[PDB]
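Chain residues, written in single-letter form:
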Amino acid sequence: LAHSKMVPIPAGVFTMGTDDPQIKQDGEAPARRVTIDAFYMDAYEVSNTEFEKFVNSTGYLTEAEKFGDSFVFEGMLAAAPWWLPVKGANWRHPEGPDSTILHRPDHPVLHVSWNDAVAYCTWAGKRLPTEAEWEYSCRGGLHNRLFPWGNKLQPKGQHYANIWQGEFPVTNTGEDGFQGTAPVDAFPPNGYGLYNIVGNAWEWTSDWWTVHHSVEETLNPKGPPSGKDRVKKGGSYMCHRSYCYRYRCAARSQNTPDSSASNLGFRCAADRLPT
Ligand SMILES: *[C@@H]1O[C@H](CO)[C@@H](O[C@@H]2O[C@H](CO)[C@@H](O)[C@H](O)[C@H]2NC(C)=O)[C@H](O)[C@H]1NC(C)=O
Ligand SMILES: [Sr+2]
Ligand SMILES: [Sr+2]
C-alpha cells in the first residue's frame, strides 16, 4: 500500500465548467478555457491510516474534536433533516462515540475541516489543489465529459465510483459494493491515475467560493481573493441523481472552512515531489 503516492498531472489547457449546467445555482457555467501547469496530485483521498500518521507526528487536534460535534448522516446512526450534529463524532469516531475506524484504516478520513486539511497537506510537504487543478485532474484527459471516464454512469455495465443506489435517504442498496465509504483504492482509476476522484468522500479545494465566473482565459487560477465558504468537489457516497447530481467533474459545492461532516475529506497536491 502506497496510499500517499502522487501522480504527475500533465500541463494542459482544458474547459472548466460547462455551458450545459445541471445545477445552475452552483455556478457550473460558463465553460471557460483554463491553462494549468504540470503538477502532482495525490492518487488517493487521504485515508485514516495516513491522517493517523499526521496526528501521531504532530499531536494535531481537529476542529470537530475541539468543537465537540460534527455532522453525521442519519441513515448511518443542519443542511437537511438527514444531517444531524452529533456529539463526539470526529475522524476517529465517524458516526459518533461508539463507532470506530479500526476496521476501516484504508477508507478516506472524514470529519476534517478545510483548516484540518491544510494542516495535513502542509505537514506532508504538499498543499490543497485549487478548484481548477482538481477539476482538470478529475477530467482525466477527456474533454467536456460528465464523469472522469466519460458520459455513461455505468460504462460497460460496471460501477466506476462510490455513490448511492436505491431510494435516498431511506434505502441504500449497496449495489456498487459499499453503503458508506469505500477503501481509497477502490474502483478503476481515471486516465491520470486518480482513484475515487468523484464519489466516496467530498474533497476540499483551496478556492474561496463564488458563483460568478468570467469566460476569460486564465492561467493557474486560484479563485476569488475573498469569500466565506471554501469550494468542495466530486460528491460522495450519498449522492444520487434523484436529489444530488454532484458526482460530475464540473459540479461544485461549498462549506465554511470550519465545517466538517461524515462524507467530507480531501486529497493533497504539490508543485513538485516532496520527501
Ligand atoms: C500511531 O501511534 C500508535 C501508538 O504508538 C501506533 O500504534 C502502536 O504501534 C506499535 C508499533 O507497531 C505497536 O507495537 C503498538 O501495539 C501500537 N500501540 C497501540 C496502543 O495501538 C500506530 O501504529 C500509529 N499509527 C500509524 C498510522 O502510524
Ligand atoms: Sr455506494
Ligand atoms: Sr472523492
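Residues numbered from 1 in each chain as written, not as in the entry; some residues may be left out. Chains lettered and ligands numbered in written order. Heavy atoms only, no water.

What the deposited record gives as its method is X-ray crystallography, and the resolution it gives is 1.67 Å.

(A) Geometry of helix α1 (residues 48–58). For α1, the full list of buried residues reads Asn48, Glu50, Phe51, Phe54 and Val55. The arc that holds every buried residue of α1, seen down its axis, measures 165 degrees, which confines them to one face. Turning to α1, the residues buried within the fold contact α3 (114–123). Once α1 ends, the next one or two residues include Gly59, with phi positive near 75 degrees. (Buried < 20%, exposed > 50% of the residue type's maximum accessible area, 1.4 Å probe, protein only. Helix = DSSP H or I, 4+ residues; strand = E, 2+ residues; numbered from the N terminus. Arc of directions from axis to C-beta. Contact = heavy atoms within 4.5 Å.)

(B) Fine view of empty space enclosed by the protein. For the largest cavity, the calculated volume is near 80 Å³. Lining the largest cavity are 13 residues, with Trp149, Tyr160, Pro188, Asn196 and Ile197 sitting closest to its centre. Each residue belonging to the lining of the largest cavity can be placed in one class, and the counts come to eleven nonpolar, two polar and no charged. (1 Å grid on protein atoms, 1.4 Å probe; cavity = no way out; pocket = protein on both sides within 12 Å on 5 of 7 lines; lining within 4 Å. Points joined across faces, edges and corners; volume = space filled by probe spheres on them. Nonpolar A, V, L, I, M, F, W, Y, C, P; charged D, E, K, R; others polar.)

(C) How the structure looks around the state of the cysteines. Inspection of every chain in the model, using the stated rule, returns two disulfides. For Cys121, the disulfide goes to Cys268, at an S-S distance of 2.1 Å. The disulfide joining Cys121 to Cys268 has a torsion of about -90 degrees about its S-S bond and is therefore left-handed. Taken together, the positions of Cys121 in helix α3 and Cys268 in the loop between β11 (264–265) and β12 (269–270) put the pair 147 residues apart, joining distant regions of the chain. (Disulfide = S-S within 2.5 Å.)

(D) Summary view of the packing of α1 against α3. Taken N-terminus to C-terminus, the directions of α1 and α3 make an angle of 80 degrees; their axes are 10 Å apart at the nearest point. Taken together, the axes of α1 and α3 lie roughly perpendicular to each other. In contact with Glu50, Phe51, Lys53, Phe54, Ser57 and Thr58 of α1, α3 contributes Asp116, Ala119, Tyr120 and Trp123. Of the residues belonging to the contact of α1 with α3, the class tally is five nonpolar, two polar and three charged. (Axes fitted to C-alpha atoms, helices over the stretch in contact; angles between N-to-C directions. Parallel < 35°, antiparallel > 145°, perpendicular 65-115°, else oblique.)

(E) Expanded view of the sheet that holds strand β9 (residues 230–233). Reading across from one edge, β10-β9-β7-β11 is the order of the four strands in this open sheet, with mixed pairing throughout. Both outer strands of the open sheet, β10 (253–255) and β11, are each paired with one neighbouring strand and no more. With two bridges joining them, strand β7 (residues 202–208) and β11 adopt parallel strand pairing. Opposite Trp202, over in β11, you have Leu264 as the bridge partner. (Pairing = 2+ DSSP bridges.)

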